[PDB]
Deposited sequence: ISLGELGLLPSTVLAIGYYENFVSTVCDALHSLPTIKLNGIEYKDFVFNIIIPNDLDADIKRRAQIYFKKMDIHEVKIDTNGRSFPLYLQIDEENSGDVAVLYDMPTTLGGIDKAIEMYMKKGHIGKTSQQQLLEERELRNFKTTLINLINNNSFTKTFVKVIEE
């Protein structure tokens, strides 16, 4: 019984999480926005609901938390990926953030196969956010190039 949240989590893991960790794992020395790091953590922000659109929401979170854009050029044919870095207090570890824009799909999808967000629809979009977070945590913990390097957190 495949939940959409489950496919989306796997899509985001294979095509974004792994791709980013690999890019950073392939640099002899990690150098982000021209400062050298000895290690990294990659924080996946799960939103608490789908009331605000994810791109709008993420932008608010990153401004609020004063963390700024950084492009990581992938070690494949030079394709930079987009994410946010918290460059604070001369830390050795590069503390990176993303909020999965793929979650947008769930809001639009739910609101398209249904005015006012019913507690029934709220409990449905709640269930998907948790299923996505749970799948994602499982996938991360199941590969040595992602485990210890990736954190799934709440907004």
The answer, as deposited-sequence ranges with no C-alpha, is 1-6, 121-124
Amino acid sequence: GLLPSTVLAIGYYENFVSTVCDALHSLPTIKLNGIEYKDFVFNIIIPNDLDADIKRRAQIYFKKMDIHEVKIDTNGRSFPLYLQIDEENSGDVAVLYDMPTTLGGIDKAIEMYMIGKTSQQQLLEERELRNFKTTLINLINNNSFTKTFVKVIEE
From here on, numbers count along this sequence of modelled residues.
Mean B factor on CA atoms, stretches 38-46 and 89-97, record says higher is 89-97
Once average C-alpha B-factors are taken from the entry for 125-133 and 53-61, the winner is 125-133
Among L27, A109, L103, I115, highest Cα B-factor in the entry goes to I115
Chain-relative C-alpha B factor for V150 (record values, thirds): the lowest
Split the chain's modelled residues into thirds by Cα B-factor; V7 lands in the lowest
